[PDB]
């Protein structure tokens, strides 16, 4: 029982890995170990969608990319570079790294980032964006874990997309899909399904974020 904070994370971006995407939106949801522990273990078929913990730290930010979003990404996320820039959104810069550091500094250590498909998308992309910056990465010292690999172990004890798992467990469609905060809240609910077994798995399988290879560059 070492991981004191789980930070549920989701990124929106301009496109898929092959297009060399840039982050357009981020959401961080810091939840203390004890808040997940004291969430009710799901009963019934289907169980009701769990209530999020009262004590929560939330950060959600819109970020203007250097390159335009793909038509498909704009459609699902509701975001475009044009609209982000005309509403005065700033680039993924050093000030944002300072912002994230101060947010992470407020959380009891050790910390672990939780992201759906994080190992193939969210973590390597974030590593790439932070690599561009002159100031050292604020995610050095923090851990990370993929919730797909987490739920795959919890279920086995066909689609593993965020929506599919949410509808399987709760017989309800997720709200605000493909938005950073919406997907984080959807991720939280799925992780609140068996939160004690989830936390034990995180402890055993969480790896340092500094071990994550960048998506590109």
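The term rigid core refers to the most C-alpha atoms you can superpose between the two forms while keeping them within 1.5 Å. Positions refer to the first chain, counted from 1.
Asks: Which of the two stretches, 47 to 55 or 177 to 185, moves more in 6 other deposited structures of this protein when the core is held fixed, judged by C-alpha RMS distance?
Replies: After superposing on the rigid core, the more displaced stretch in 6 other deposited structures of this protein is 177 to 185.
Asks: Core-superposed in 6 other deposited structures of this protein, which stretch deviates more in Cα positions, 163 to 171 or 58 to 66?
Replies: More C-alpha displacement in 6 other deposited structures of this protein shows up in 163 to 171.
Asks: Tell me whether residue 30 turns out to be unmodelled in at least a third of the other entries of this protein, restricted to those that model residues on both sides.
Replies: Result for residue 30: never missing in the compared entries.
Asks: Of the other PDB entries for this protein whose models extend past residue 157 on both sides, does at least a third leave it without coordinates?
Replies: It is, since residue 157 is left out of at least a third of the other entries that model both flanking stretches.
Asks: Between residues given as residue 157 and residue 158, how many of the deposited sequence are not built: none, 1 to 3, 4 to 9, or 10 or more?
Replies: Gap between residue 157 and residue 158: 4 to 9 residues without coordinates.
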